[PDB]
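Visitor: Dumping the structure here so I can ask a few things about it.
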Amino acid sequence: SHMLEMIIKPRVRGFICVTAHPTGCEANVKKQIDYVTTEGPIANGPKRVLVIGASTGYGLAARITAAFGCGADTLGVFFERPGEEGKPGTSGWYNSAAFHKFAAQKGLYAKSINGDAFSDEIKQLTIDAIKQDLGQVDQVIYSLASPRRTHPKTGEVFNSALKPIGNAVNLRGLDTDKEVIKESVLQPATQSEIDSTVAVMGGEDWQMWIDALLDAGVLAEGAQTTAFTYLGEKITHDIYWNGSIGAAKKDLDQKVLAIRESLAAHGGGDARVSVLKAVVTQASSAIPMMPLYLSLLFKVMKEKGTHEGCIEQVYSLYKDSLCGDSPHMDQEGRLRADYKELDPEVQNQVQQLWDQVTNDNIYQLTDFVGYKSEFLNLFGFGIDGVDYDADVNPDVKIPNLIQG
Ligand SMILES: NC(=O)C1=CN([C@@H]2O[C@H](COP(=O)(O)OP(=O)(O)OC[C@H]3O[C@@H](n4cnc5c(N)ncnc54)[C@H](O)[C@@H]3O)[C@@H](O)[C@H]2O)C=CC1
Ligand code: NA
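Take a look at the structure:
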């Protein structure tokens, strides 16, 4: 009778929210779109863009930036769960439904492919879509965050590890359920754990993608590809940059060589690793220390007027560096968009606060309030203008969605 609709509220445990709100996710996507259109157009951008990991976080922001900033037709790949009666879909599903809605309103092409981007099947479906619709693509954004990867050949399942390397580490953090500041000791990764992490979050699959598009002739001349990375403040180095996930990110710096080699022989193509700031996403919230680190960083950067989320960061990456006349390069040939997080004065303040925070001063020393708000926003909760009291049909459909 009324069974087709429901009132959807957050159900949160740690860094996991098992519900998502379709109306709220739509409004969140609209907010990011309106940011881009308010900042204004970006000149000399790609007009045909493939985003791998296009449904949430930085990849969603890249899709929105490319489409509503550069005016691009966009093809997205992601791995999300559709809604069904009584069972809300994932936020990325609802985000992507909204993206298709708003793109079509603006007369922009938007097609998506839902499935495992690590697989040959999904690469071929993507190839088929480009051939049918666009001819070629000018830019490929590589923005996957995953705990696992099934090798497309051997069928071996690799699982990522988020551990330090060498020595065990005493890592402080904020338990967001209990609101306590506490520490735990993380054991170092074994060689197998490191290899598995490089296999998942390293650059092999990115390479596989560019080669497959190349072989099929659906990569255009003067095209560009970038994969997102994080270097972070020195305080994050034990768990991130110099940890197992860092070994994977370091591999991007090496794969950006052979991939760039393949592309540069193809009409003068290129590849870069783009370094971005820490933001609240499904991925970051799951990394040890990150909820505490983000709570502090948010506070410090807000004090300086430099706080940004996904859309602000990616908009500036496109405008300043991917398409801009004065790009921000480092000594490694990485594109850097993260310098405001890495400023020595910011690092110093974050470090001082890191060593002062307790159960009783969390709200005086940090922006845990902001962290919590942004975390809920990911899932479509706490958004302006959304009536959370209203029943909603969780079964939200997407036109031009190819299910793998
Ligand atoms: N979150 C952060 O602070 C930062 C993240 N980055 C990097 O940006 C990239 C994206 O991260 P986030 O935006 O944080 O993650 P996210 O969790 O918001 O998004 C992950 C995306 O990958 C997709 N995905 C995951 N597995 C897939 C699969 N097997 N097949 C197809 N799609 C799949 C998801 O659908 C989603 O679109 C990552 O490389 C991450 O390391 C870089 C700087 C900092
Ligand atoms: Na992403």
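If you're matching positions, the sequence shown starts at -4 in the entry's author numbering and goes up one per residue. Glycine residues also receive a C-beta, built at the ideal position from the N, C-alpha and C atoms.
Name, in chain order, the residues that DSSP records as bridge partners for residue 165.
Guide: Position 170 of the sequence shown holds residue 165. Looking at the DSSP assignment, residue 165 forms a beta bridge with 180.
Visitor: Which residues does DSSP pair with residue 97 in a beta bridge?
Guide: Residue numbering aside, residue 97 sits at position 102 when the sequence shown is read from its first letter. DSSP lists no partner for residue 97.
Visitor: How about residue 72: is its Cβ closer than 7 angstroms to a heavy atom in ligand 1?
Guide: On the sequence shown, position 77 is the one that residue 72 refers to. Yes, since a heavy atom of ligand 1 falls inside the 7 angstroms radius drawn around the Cβ of residue 72.
Visitor: So residue 272 and residue 211 are in contact, right, with Cβ under 8 angstroms, and what is the actual spacing, rounded?
Guide: In the sequence shown, the residue the question calls residue 272 occupies position 277. In the sequence shown, the residue the question calls residue 211 occupies position 216. So it is not a contact: roughly 35 angstroms between Cβ atoms.
Visitor: Return yes when at least one heavy atom of ligand 1 lies under 7 angstroms from the C-beta of residue 239, else no.
Guide: As a first step, residue 239 is located in the sequence shown; it is residue number 244 there, counting from the start. No, ligand 1 has no heavy atom inside 7 angstroms of this Cβ.
Visitor: On the CB-based measure, 16 or more other CB atoms within 10 Å of its CB, does residue 439 come out buried or exposed?
Guide: Nothing in the structure corresponds to residue 439, since the chain is present only between -4 and 399.
Visitor: Could you give the DSSP three-state label for residue 160: helix, strand or coil?
Guide: The residue labelled residue 160 in the question sits at position 165 within the sequence shown. DSSP places residue 160 in coil when its eight states are reduced to three.
Visitor: I'd like to confirm something about residue 304: is its beta-carbon nearer than 7 angstroms to some heavy atom of ligand 2, or not?
Guide: Here residue 304 is taken as the residue at index 309 of the sequence shown, counted from 1. Incorrect: residue 304 has no Cβ contact closer than 7 angstroms to ligand 2.
Visitor: Measuring straight from C-alpha to C-alpha, what distance separates residue 149 and residue 129?
Guide: Here residue 149 is taken as the residue at index 154 of the sequence shown, counted from 1. Here residue 129 is taken as the residue at index 134 of the sequence shown, counted from 1. Going by the C-alpha atoms only, they are around 32 angstroms apart.
Visitor: Using the three-state DSSP reduction, which class does residue 62 fall into: helix, strand or coil?
Guide: Here residue 62 refers to the residue found at position 67 when the sequence shown is read from its first residue. Helix at residue 62.
Visitor: Spatial neighbours of residue 218 within its chain, please: C-beta separation below 6 angstroms, excluding the five flanking residues on both sides.
Guide: Translated into the one-based positions of the sequence shown, residue 218 becomes position 223. So the list reads 133, 264, once near-sequence residues are dropped.
Visitor: State the DSSP-derived secondary structure class of residue 289, mapped to helix, strand or coil.
Guide: The sequence position of residue 289 within the sequence shown is 294, counting from 1. Helix.
Visitor: With respect to the beta strand (DSSP E) encompassing residue 242, which residues constitute its N-terminal and C-terminal limits?
Guide: As a first step, residue 242 must be located in the sequence shown, where it is residue number 247. From DSSP, residue 242 is part of no beta strand (DSSP E) but of the alpha helix (DSSP H) over 239 to 259.
Visitor: By DSSP's criteria, residue 79 is part of a beta bridge. Which residues make up the other side?
Guide: Taking the sequence shown and counting its residues from 1, the one referred to as residue 79 is at position 84. In DSSP, residue 79 forms a bridge with 82.
Visitor: Tell me which same chain residues have a C-beta within less than 6 angstroms of the C-beta of residue 222, skipping the five on either side of it?
Guide: One-based indexing of the sequence shown puts residue 222 at position 227. Only 137, 201, 247, 268 meet the Cβ criterion.
Visitor: Regarding residue 226 and ligand 2, is the C-beta to nearest heavy atom distance less than 7 angstroms?
Guide: Counted from its first residue, the sequence shown places residue 226 at position 231. Residue 226 Cβ: outside cutoff for every heavy atom of ligand 2.
Visitor: Assuming contact is defined by CB atoms lying nearer than 8 angstroms, are residue 18 and residue 274 in contact in what I supplied?
Guide: Numbered from 1 along the sequence shown, position 23 holds the residue referred to as residue 18. Numbered from 1 along the sequence shown, position 279 holds the residue referred to as residue 274. No, these two residues do not count as a Cβ contact at 8 angstroms.
Visitor: So for residue 90, helix, strand or coil by DSSP?
Guide: Taking the first residue of the sequence shown as 1, we reach residue 90 at position 95. Helix.
Visitor: Could you please give me the residues that DSSP links to residue 268 through a beta bridge?
Guide: Taking the first residue of the sequence shown as 1, we reach residue 268 at position 273. Paired residue(s): 222.
Visitor: Would residue 85 and residue 163 qualify as a contact pair, given that the criterion is a beta-carbon distance under 8 angstroms?
Guide: Locating residue 85 in the sequence shown gives position 90, where the first residue counts as 1. Locating residue 163 in the sequence shown gives position 168, where the first residue counts as 1. For residue 85 and residue 163, no; Cβs fall outside 8 angstroms.
Visitor: Please report how far the alpha carbon of residue 3 lies from the alpha carbon of residue 47, in whole angstroms.
Guide: The residue you call residue 3 lines up with position 8 of the sequence shown. The residue you call residue 47 lines up with position 52 of the sequence shown. Rounded to the nearest angstrom, the two C-alpha atoms are 29 angstroms apart.
Visitor: Name the DSSP bridge partner or partners of residue 73?
Guide: Indexing the sequence shown from 1 puts residue 73 at position 78. BP columns for residue 73 point to 109.
Visitor: Is the beta carbon of residue 406 less than 8 angstroms from the beta carbon of residue 243?
Guide: In this structure the chain extends from -4 to 399, so residue 406 is not present and cannot be described.
Visitor: Using only the heavy atoms of ligand 1, determine whether one of them is closer than 7 angstroms to the beta carbon of residue 53.
Guide: Position 58 of the sequence shown holds residue 53. Yes, ligand 1 has a heavy atom inside 7 angstroms of this Cβ.
Visitor: Nearest-angstrom Cα distance between residue 204 and residue 118?
Guide: Sequence index remark: in the sequence shown, residue 204 carries index 209 (1-based). Sequence index remark: in the sequence shown, residue 118 carries index 123 (1-based). One C-alpha to the other measures close to 7 angstroms.
Visitor: Under a three-way DSSP split, which group does residue 32 fall into?
Guide: Counting from 1 along the sequence shown, the entry for residue 32 is found at position 37. Correct three-state label for residue 32: helix.
Visitor: In whole angstroms, give me the CA-to-CA distance for residue 228 and residue 177.
Guide: Taking the sequence shown and counting its residues from 1, one reaches residue 228 at position 233. Taking the sequence shown and counting its residues from 1, one reaches residue 177 at position 182. About 21 angstroms.
Visitor: Check whether the segment 312 to 320 and the segment 24 to 42 touch, using three or more Cβ-Cβ pairs below 8 angstroms as the test.
Guide: Because the criterion of three Cβ pairs below 8 angstroms is met, the segment 312 to 320 and the segment 24 to 42 touch.
Visitor: For the candidate residues 354, 281, 270, whose alpha-carbon lies nearest to that of residue 326?
Guide: On the sequence shown, residue 326 is found 331 positions in, with the first residue counted as 1. Considering only alpha carbons, the answer is 270.
Visitor: Just reading off the beta strand (DSSP E) that residue 136 is part of, what are its end residues?
Guide: On the sequence shown, residue 136 is found 141 positions in, with the first residue counted as 1. Where residue 136 is concerned, the enclosing beta strand (DSSP E) stretches over 132 to 137.
Visitor: For ligand 1, is there any heavy atom lying closer than 7 angstroms to the beta carbon of residue 48?
Guide: Looking up residue 48 in the sequence shown gives position 53. Yes, the Cβ of residue 48 comes within 7 angstroms of a heavy atom of ligand 1.
Visitor: Hey, how far is the Cα of residue 344 from the Cα of residue 112?
Guide: Here residue 344 refers to the residue found at position 349 of the sequence shown. Here residue 112 refers to the residue found at position 117 of the sequence shown. Computed Cα separation, rounded: 40 angstroms.
Visitor: Pick helix, strand or coil for residue 274, following the three-state DSSP scheme.
Guide: Numbered from its first residue, the sequence shown carries residue 274 at position 279. Coil, per DSSP.
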